[PDB]
Amino acid sequence: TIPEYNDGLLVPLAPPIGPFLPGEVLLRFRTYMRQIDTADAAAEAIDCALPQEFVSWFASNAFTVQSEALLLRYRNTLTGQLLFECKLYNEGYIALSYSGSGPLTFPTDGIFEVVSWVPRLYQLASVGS
Amino acid sequence: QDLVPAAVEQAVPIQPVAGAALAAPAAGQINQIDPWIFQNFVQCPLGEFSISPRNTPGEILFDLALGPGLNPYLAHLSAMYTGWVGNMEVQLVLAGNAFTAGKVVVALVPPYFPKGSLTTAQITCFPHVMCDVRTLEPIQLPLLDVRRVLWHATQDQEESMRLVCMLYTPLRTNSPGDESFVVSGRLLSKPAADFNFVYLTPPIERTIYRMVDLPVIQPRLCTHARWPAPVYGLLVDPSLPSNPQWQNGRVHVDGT
Amino acid sequence: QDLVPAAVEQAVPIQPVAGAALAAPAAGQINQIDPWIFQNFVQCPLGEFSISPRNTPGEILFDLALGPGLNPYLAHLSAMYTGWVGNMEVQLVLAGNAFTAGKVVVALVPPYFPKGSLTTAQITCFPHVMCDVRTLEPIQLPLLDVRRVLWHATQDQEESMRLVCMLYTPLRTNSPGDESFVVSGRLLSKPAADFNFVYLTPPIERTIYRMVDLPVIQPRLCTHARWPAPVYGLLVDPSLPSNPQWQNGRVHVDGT
Amino acid sequence: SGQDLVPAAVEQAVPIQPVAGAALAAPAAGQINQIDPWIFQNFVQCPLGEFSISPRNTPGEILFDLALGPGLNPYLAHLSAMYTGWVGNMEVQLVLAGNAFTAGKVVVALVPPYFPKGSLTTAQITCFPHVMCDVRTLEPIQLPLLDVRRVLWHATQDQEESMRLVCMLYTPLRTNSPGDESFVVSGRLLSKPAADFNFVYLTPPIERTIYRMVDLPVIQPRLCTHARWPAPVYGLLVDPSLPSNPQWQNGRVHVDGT
Amino acid sequence: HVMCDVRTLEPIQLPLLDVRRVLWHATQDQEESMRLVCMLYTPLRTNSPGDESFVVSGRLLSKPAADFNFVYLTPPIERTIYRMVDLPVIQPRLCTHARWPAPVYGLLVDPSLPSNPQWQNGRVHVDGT
């Protein structure tokens, strides 16, 4: 959650991630930190909208926008099995159309390949778990 | 007599605009392009849309803009030149069943039209082409070059003749119909007979109009943007709150 | 005025290449073929493919190569000759319902294009023909003879103008739809007006380009390849491990 | 404007015949492909077109060596992502406009295709069609770069055996200057396509190719991180009082990615 | 471009054409017109006695061509935007200090003080801010 930037006051900061179309969830990245613990052994995870080397490659090349979102394609580079296609909005978060109920994980050995610019009202194929 | 015909085709009429006839004595050069770029419909970089049955009538499916950013050949040549003048020629395909009842209408909205919100009654007052989603052959349009200035610089803040496409009648299925059907659509375009660029510069990028390439980095060989640790997982949990307000790791796709 | 038409047909434009006009003073002979081989579309030996709904967009459905191996008449005549020069003319049919929404695009990839992996945005930059799977009449293409050399020998390691066909939009069914639907497709081809062979040799086989014939032996009158015993059974058990690493009985279909 | 230089060093005769460019490959390509007629008007600088002759160079040092292709122009190296194929010749200038106190000569030969590379000693670089020119020439030395080939065109994939253009340093560079300075003549190399250059067959413009010279990220070194320790960079500096040729293992990449 | 050598005698005339998108520019608006950019192509190779170090100076003189025209006669306005910054004709002894309400008693230099102060009074941009 947001910490205290002022000691007790308010401060301008980045707006929340959104909005999404009905039926789209936020694609999260995941690393595990060092938490001092007493008895819990579950690894505390911290999620970003985009990892590093995606905050470089932007502002090192400053692209245009030309629409509203990018149609990515996370094709697993081994044998070319298409895992999922996801929308990257211009505010810098990846939205993947999922209709399930629990956490579906993904293999971390594929290359994001761009396809095209889409409008905001684009509908993706769902994922299966 | 005189027979009238009820089925009479189609084909929106145009009056030809001037290309390099107006801009000739004010541009330093007028550069012709390859005469085989005028022959092939290639796909626009903004050439994807989808029509779901959860779209209401009046929804705008795409909004292009007449530029050299409607062609991968003309977005590559436009690094070398500083300005363009001329007309394109769009064409859209539609992958629909014979179970899908609906119709889209593709209008030619002029520049400096007040960009509020159009309705279905007002989209059909422009030069339009009516097309259903059941059709097989691709339908095409002229996308002319109505302009106040003599030529357009390739820094797109100047207004040009947009191409709006709305949903006229609702996309309803005669079958029971899954909501995950969506009718795909692609947009292909080519120059019409009067396209040319203006003034030879060195090729630079940056730009605009270069396509966004992503770094070829597998996410196991990456770094998290809120901790000095490599990335490990890749998940989507819908039980989490869907609007996080993080501060680190946020960026635009234009570098800001 | 000027009417434009939205529906305008089709028909990829070509510039005619030289056949036996370039290769005439460097070949010893120029042998004409039967003038009724130019009249009939006969099926290619690589003329089968299928589009399942489990195919993702971007998948390549076939990849031919312009040769005399695209015709059963020209793969029979090519035993007698040592080289060929000229253009073919493909045509593909598609057996689809009116329940299948999808589109394939058949491009003409030139020789010495870097054979990595194409995408959907790049397949439509070639001279292509867009065709859906719901169509009835067969659509055809010119398959020209872009080449660096004067003629092609009939030993296919020299590059020639391939013909790639991708899946543009995904093959989705408006119905609920069984996954075992697959849209069949066949490829038929004939010579265009400027085909001729080069130099008369004796007919030999071997080759290439003779079709693989199997021995007319019922498997009860055969011999097992890991024991000196005749074959008895013929089964398919999915409970066994599906990747055996045997050493006896393994062979290629090219003799190695 | 002194005329104690050599202004009589015009584009000399070379023992070569005229070579047909796009007239051969016109009926073997599948389409009509012309390029912009303002590309042929001005000499722009080659991408590998900058060299220098210090007086610490022996005779027989190869100054530049560049094959004929689309890589001799910033325009044609940009247009050759759209095409697969080229034909025809180029026209190359040479800006050797050194001081009025230097002395020395270079020799620019025309090495044919399928000539074995590697050594190319100074004794045998005169056996080709060559142009000899002083390093004090005022006007730019022009020379043609013909397209000798046995195939009807070349693919735009750089393994094509094509006509090179080697420039050996013939006699060493020296100055008769009255004190303490030895000038380094800094040459350039300008080029434009000839009247019948032509590309062959249109193709999707792929960036990840050949030529498509190296680009760098626009980020200050005070923002970048360090490749031998997890820390930022705190100022670059030279020092000739350190281990001069170290043998590190971290942060050592090639410029072909490996 | 023109690649002029640095030891030419006669001056290098060259045109500066008016490439434009509009029919005529407006004098009270700094709109984009054709620039001249001069780049040092090959470096200077000279001697120098011991001082000075032989700079090569270069000036740029201009005049209108045969088809320069103005458009529409208006009354002359004073502000402009083509005005040399005219300073007040006032000696510094009759001025007033910025920080403290006193007259000025002498202008000087001193290296030994903090060379880059951060005063918050007496700070004004030349453009009037």
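Residues numbered from 1 in each chain as written, not as in the entry; some residues may be left out. Chains lettered and ligands numbered in written order. Part of a larger assembly, values for the part shown. Heavy atoms only, no water.

### With respect to the UniProt feature "binding site: Ca(2+)" (unreviewed entry) in chain A
Residues and elements named next belong to chain A. Here the UniProt-annotated "binding site: Ca(2+)" (unreviewed entry) positions come out as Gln35, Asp37 and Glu44. Counting through the fold element by element, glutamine 35 comes out in the loop between β2 (28-32) and β3 (45-46). If we skip the residues at most four places from it in the chain, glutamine 35 touches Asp40 and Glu44. One polar contact links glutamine 35 to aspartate 37, side chain to side chain, over a distance of 2.8 Å. Mapped onto the fold, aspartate 37 is located in the loop between β2 and β3. (UniProt positions renumbered as here; feature names shortened; annotations may be inferred. Helix = DSSP H or I, 4+ residues; strand = E, 2+ residues; numbered from the N terminus. Contact = heavy atoms within 4.5 Å. Polar contact = N/O pair within 3.5 Å; in protein donor to acceptor, adjacent residues only side chain to side chain.)

### What to know about the environment of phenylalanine 49 of chain B
Residue placement: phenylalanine 49 of chain B occurs in strand β1 (residues 42-51). Since its relative accessible area comes to 2%, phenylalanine 49 of chain B is described here as buried. Counting along the chain gives twelve residues from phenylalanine 49 of chain B to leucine 61 of chain B, while the straight-line C-alpha distance between them is 6.5 Å. Among residues more than four places away in sequence, those in contact with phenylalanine 49 of chain B are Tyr122 of chain A together with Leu61, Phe62, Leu92, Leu94, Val183, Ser184, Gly185, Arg186 and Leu187 of chain B. (Buried < 20%, exposed > 50% of the residue type's maximum accessible area, 1.4 Å probe, protein only.)

### Observations regarding the sheet that holds strand β8 (residues 152-153) of chain C
All names here are of chain C. Spatial ordering of the open sheet is given by β8-β3-β11, a layout of three strands whose pairing is antiparallel. Both edges of this open sheet fall to β8 and β11 (196-197), since each of them pairs with a single strand only. In this structure, strand β3 (residues 83-85) lies alongside β8, joined through two bridges in antiparallel fashion. In the strand pairing of β8, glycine 83 is matched with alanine 153. (Pairing = 2+ DSSP bridges.)

### Overview of empty space enclosed by the protein
Residue and element names in this part refer to chain D. Here the second largest cavity defines a volume of roughly 120 Å³. Taken together, 14 residues make up the lining of the second largest cavity; nearest its centre are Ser80, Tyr83, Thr156, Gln157 and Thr209. Here the lining of the second largest cavity is built from residues that sort into eight nonpolar, six polar and no charged. (1 Å grid on protein atoms, 1.4 Å probe; cavity = no way out; pocket = protein on both sides within 12 Å on 5 of 7 lines; lining within 4 Å. Points joined across faces, edges and corners; volume = space filled by probe spheres on them. Nonpolar A, V, L, I, M, F, W, Y, C, P; charged D, E, K, R; others polar.)

### Observations concerning the environment of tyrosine 209 of chain C
By the element assignment, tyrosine 209 of chain C lies in the segment after β11. Apart from the residues within four sequence positions on either side, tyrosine 209 of chain C is in contact with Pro68, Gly69, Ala75, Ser78, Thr154 and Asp156 of chain C.

### Details of the UniProt feature "binding site: Mg(2+) 1" (unreviewed entry) in chain A
Residue and element names in this part refer to chain A. If you check UniProt for "binding site: Mg(2+) 1" (unreviewed entry), the listed places come out as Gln35, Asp37 and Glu44 in our numbering. Overall, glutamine 35 belongs to the partly exposed group, its relative accessible area being 40%. Following the sequence through the fold, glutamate 44 ends up in the loop between β2 and β3. Overall, the relative accessible area of 39% leaves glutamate 44 in the partly exposed class.

### Considerations on unusual backbone geometry
Cis peptide bonds are those with omega within 30 degrees of zero, and the linkage from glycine 18 of chain A to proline 19 of chain A qualifies with 0°. Its place among the elements puts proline 19 of chain A in the segment before β1 (25-26). For the bond running from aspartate 51 of chain E to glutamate 52 of chain E, omega is 0°, close enough to zero to count as cis. Here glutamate 205 of chain B, not a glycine, exhibits a phi torsion of approximately 150°, which is positive. A positive phi angle, close to 95°, is found at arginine 212 of chain D, a residue other than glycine. Positionally, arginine 212 of chain D belongs in the segment after β12 (198-199).

### Some details on the interface of chain C and chain D
On the side of chain D, 18 residues touch chain C, which itself brings 23 residues to the contact. Taken as a group, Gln15, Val146 and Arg148 of chain C account for 33% of the area that chain C buries against chain D, more than any other trio of residues on that side. Scanning the region where chain C abuts chain D turns up zero salt bridges. At the boundary of chain C and chain D, one finds four residue pairs in polar contact. When grouped by side-chain class, the residues that make up the side of chain C that touches chain D number 18 nonpolar, two polar and three charged. (Buried area = accessible area lost by both parts, 1.4 Å probe. Salt bridge = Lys/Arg side-chain N within 4 Å of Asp/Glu carboxyl O.)

### Considering the interface of chain B and chain A
Taken together, the contact between chain B and chain A spans 59 residues of the former and 74 residues of the latter. A combined buried area of about 6400 Å² lies between chain B and chain A, and 63% of that area is made up of carbon and sulfur atoms. When the buried surface of chain B facing chain A is broken down by residue, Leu234, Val236 and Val253 of chain B rank first, second and third, together holding 13% of it. Across the chain B-chain A interface, the total number found is zero salt bridges.

### Thoughts on the packing of aromatic side chains
For the structure shown, the criterion picks out 24 aromatic pairs over all chains. Ring centres of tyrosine 32 of chain A and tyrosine 232 of chain B lie 6.1 Å apart, and the angle between their planes is 15°; on these two criteria the pair is classed as stacked. Linking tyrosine 32 of chain A in strand β2 with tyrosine 232 of chain B in the loop between β11 (196-197) and β12 (233-236), this pair reaches from one chain into another. Judged by relative accessible area, which is 34%, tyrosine 32 of chain A ranks as partly exposed. (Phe/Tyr/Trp six-rings, centres within 6.5 Å; stacked < 30°, edge-to-face > 60°.)

### A word on the pattern of salt bridges
Enumeration over the complete set of coordinates arrives at 19 salt bridges over all chains. For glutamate 85 of chain A, the salt bridge goes to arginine 73 of chain A, with nearest N and O atoms at 2.8 Å. Here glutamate 85 of chain A is found in the loop between β5 (82-84) and β6 (87-89), whereas its partner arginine 73 of chain A is found in strand β4 (residues 69-75), with twelve residues between them in sequence. Judged by relative accessible area, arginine 73 of chain A falls into the buried class, the value being 14%. For the salt bridge of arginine 162 of chain B with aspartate 63 of chain B, the shortest nitrogen-to-oxygen distance reads 2.6 Å. Taken as a pair, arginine 162 of chain B in strand β9 (residues 162-173) and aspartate 63 of chain B in strand β2 (residues 60-65) lie far apart in primary sequence, 99 residues in all.

### Brief notes about the sheet that holds strand β4 (residues 90-92) of chain D
Think of a sheet as strands paired side by side through backbone hydrogen bonds, with each pair either parallel or antiparallel. Residue and element names in this part refer to chain D. Reading across the sheet, the four strands line up as β1-β11-β4-β8 and stay open at both edges, with antiparallel pairing between neighbours. Here the strands that pair on one side only, and so sit at the sheet edges, are β1 (44-53) and β8 (143-145). Going from strand to strand, the sheet's axes swing by 25° on average, the running direction of each strand aside. Direction of pairing for β1 relative to strand β11 (residues 185-193): antiparallel, over a ladder of six bridges. Bridging from a neighbouring strand, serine 52 pairs with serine 186 of β11. (Axes fitted to C-alpha atoms, helices over the stretch in contact; angles between N-to-C directions.)

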